[PDB]
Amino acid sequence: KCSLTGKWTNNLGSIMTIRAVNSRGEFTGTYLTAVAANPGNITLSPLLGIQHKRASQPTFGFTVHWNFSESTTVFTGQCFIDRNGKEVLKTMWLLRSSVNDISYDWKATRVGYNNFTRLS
């Protein structure tokens, strides 16, 4: 069974820590991004998400509320466990920036990927 609780790094060097997953699949955690628009401002930020519970290789999603920006990121993906028991989170994300009014809405959403593996 592919589990999400614990510490993970991604391909950009970011670190996240996920706490206990409850019986609904809900989890909280923290996210330390390696990169930002203004990296001098980066602070540890909270995340909240839900995974599927029954599945051995669950899909999941989470939201990161950046504590140093008006932006928000959401990640979704799947936890895969390979034949040797190694886990990988394959994810894609949307990063929503804050714009001044709806005329700027079109430029406010970035997309990308991240692959996560366990810290230890």
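All residue numbers are counted from 1 along the displayed sequence.
Colleague: Got a sec? Mean C-alpha B-factor, which is higher, 97-105 or 7-15?
Modeller: Taking the mean B-factor of the alpha carbons in each, 97-105 is higher.
Colleague: Out of 37-45 and 65-73, which stretch has the higher average CA B-factor listed in the record?
Modeller: Averaging CA B-factors over each stretch, the winner is 37-45.
Colleague: Please place residue 88 in the lowest, middle or highest third of its chain by C-alpha B factor as given in the entry.
Modeller: For residue 88, the deposited C-alpha B-factor lands in the middle third.
Colleague: When the modelled residues of the chain are sorted by Cα temperature factor, does residue 55 land in the lowest, middle or highest third?
Modeller: Within its chain, residue 55 is a highest-third residue by C-alpha B-factor, going by the deposited values.
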